[PDB]
Amino acid sequence: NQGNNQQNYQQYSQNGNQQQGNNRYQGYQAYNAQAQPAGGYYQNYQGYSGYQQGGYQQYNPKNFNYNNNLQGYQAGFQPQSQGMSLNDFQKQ
Amino acid sequence: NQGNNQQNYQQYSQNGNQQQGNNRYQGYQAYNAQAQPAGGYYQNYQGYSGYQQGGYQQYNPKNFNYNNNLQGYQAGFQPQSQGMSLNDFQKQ
Amino acid sequence: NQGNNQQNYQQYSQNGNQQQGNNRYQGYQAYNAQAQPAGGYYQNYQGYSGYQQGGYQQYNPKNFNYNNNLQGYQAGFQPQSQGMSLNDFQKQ
Amino acid sequence: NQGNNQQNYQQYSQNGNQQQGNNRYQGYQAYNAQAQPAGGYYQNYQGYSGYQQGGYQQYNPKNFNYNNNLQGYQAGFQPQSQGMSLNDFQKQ
Amino acid sequence: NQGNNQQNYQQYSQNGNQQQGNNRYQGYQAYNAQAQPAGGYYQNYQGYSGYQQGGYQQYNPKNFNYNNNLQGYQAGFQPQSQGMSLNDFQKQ
């Protein structure tokens, strides 16, 4: 093994659990607009975990732009540009 | 093994669980607009996990643009451009 | 093995579980517009996991644009362009 | 083995489970417009998992555009263009 | 083995399960417009998994456009074009 290496390794185990019954679950989701409502009856919850964004790795024994967007909000980007740019984010 | 390497390795186990019955589940989802409502009756929940975005890896013993968008919002992008650009994000 | 390598390896196991019965499931989904409502009765849930987006890998012992969009929102893109561009995102 | 390599390897097992009966499932889906409603009675759910988007891999011991869109929304794209472009996303 | 290689390998097993009977399934789907409603009575569900989109792979020891769209929404694309383009996405 020699050189660059980006490794994402996640080990998750949910095995050997007992959940008893007789449960009453009433879930009301209504009139949601541009939303992601989450809910429920859980015992073991593993979620939204293990995120890896790689980076610069240069191994040696013209405009470059690299953008990694994970679950993010990016608006109004003019990198390495020539001219005039107008970005208006007025909130009233 | 020699050179660049991007590896996504996820191991998940849900094996050996007991869920008892006699359960009452009433789920009401209505009048959702541009939404992703999530719910339910769960015991072991593994989700939205293990995301890997690769990066720059250069191994050596003109405009370049690389964009990785995972579950993201990207609006108004003019990288490495020449001229004039108008991006208007007014909210009233 | 020598050179670039992008590998997505996911191992998932749900084997050896017991789910008891006598369950009452009432699910009401109605009047959803441009929506993806999710629900149900679950014991072991593995979903929306294991996403890999490859990256730059250059092994050596004119406009280039590379865009990877996974479950994302991309609007108003003018990379490496010459001229004038108007992108209007007014919300009233 | 030598050179570029993009490999998607997913192993999923649901074998050896017991689901007891006597279940009552009432599912009501109606008046959905441009929607994908999901629901049901589940024990082991594996879905929407294991997505791989390849990337740049260059092995060496004029306008290029590469776009990978997986379950994404892309509107208003004018990469590597010359002229004037108007993209209007007004919401009222 | 030498050169570029894109391989999609998925192994899924659901073998050795017991599902007991005496079940009552009432499913009502009506008045859906431009929709894909999904539901039912399940034990082992494997679906919408294992998607691979290949990428750039160049092995060496004028306008090019490559677009891969999987279950995606692409509207208003004018890459590597000369002139004027109007794309109007007004929602009222």
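Protein chains in written order, with our numbering: chain A, 467 to 558; chain B, 467 to 558; chain C, 467 to 558; chain D, 467 to 558; chain E, 467 to 558. Where is the CB? At the ideal position from N, CA and C, for every residue including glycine.
In the DSSP annotation of this structure, the continuous segment of the beta strand (DSSP E) that includes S479/B starts and ends at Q472 to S479. In the structure shown, the three-state DSSP call for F530/D is strand. The continuous beta strand (DSSP E) containing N510/D extends over residues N510 to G513. When the beta-carbon positions are compared, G520/A and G505/B stay at least 8 Å from each other. By the Cβ rule, the segment 488-498 of chain E does not count as touching the segment 536-545 of chain E, because fewer than three pairs are nearer than 8 Å.
Cβ contact annotation for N529/D (same chain, cutoff 8 Å, sequence separation greater than five): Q546, in chain order. In terms of Cβ geometry, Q509/B and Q486/C do not form a close pair [threshold 8 Å].
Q502/C places its beta carbon less than 8 Å from that of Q502/B. Secondary structure note for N467/E: it is in no beta strand (DSSP E), with a DSSP letter that is neither H nor E. Under DSSP, the beta-bridge partners assigned to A496/B are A496/A and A496/C.
Cα atoms of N498/E and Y497/D: separation of roughly 5 Å, rounded to the nearest angstrom.
If you draw a straight line from the Cα of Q480/C to the Cα of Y494/A, it comes to about 29 Å. Secondary-structure assignment with DSSP links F543/A through a beta bridge to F543/B.
According to the DSSP assignment, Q519/D belongs to the beta strand (DSSP E) that extends over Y517 to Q519. Between the C-alpha atoms of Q540/B and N470/A there is a straight-line separation of about 29 Å. Between the C-alpha atoms of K557/A and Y525/C there is a straight-line separation of about 48 Å. CA-CA distance, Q477/E to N474/D, rounds to 11 Å. Membership of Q548/B in the beta strand (DSSP E) is indicated by the continuous run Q548 to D554. In the DSSP assignment, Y507/E is bridged to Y507/D. Here DSSP, grouped into helix, strand and coil, assigns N535/A to strand. For the pair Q544/C and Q544/B, the CB atoms are nearer than the 8 Å cut-off.
Rounded to the nearest whole angstrom, the C-alpha separation of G482/A and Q518/B is 29 Å.
Non-local C-beta neighbours of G516/D in its own chain, meaning closer than 6 Å and more than five positions away in sequence, comprise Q476, ordered along the chain. The straight-line gap separating the alpha-carbon atoms of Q512/B and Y514/A is approximately 9 Å.
The C-beta distance from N553/D to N553/E rounds to 5 Å, short enough to fall under 8 Å. In the assembly as shown, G549/C is a buried residue. Its beta-carbon has 16 or more other beta-carbons within 10 Å.
Secondary structure at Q484/A: strand, using DSSP grouped into helix, strand and coil. Assignment of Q524/D by DSSP, reduced to helix, strand and coil, places it in the strand class. Separation of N467/A and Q468/C (C-alpha to C-alpha, rounded to the nearest whole angstrom) is 10 Å. Beyond the five residues adjoining it in sequence on each side, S551/D comes within less than 6 Å, by CB distance, of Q544 in the same chain, given in chain order. Distance between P527/B and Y507/E, taken at the CA atoms: about 58 Å.
Close CB contacts of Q523/A within its chain, under the 6 Å cut and outside five residues either way in sequence, are with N470 (chain order).
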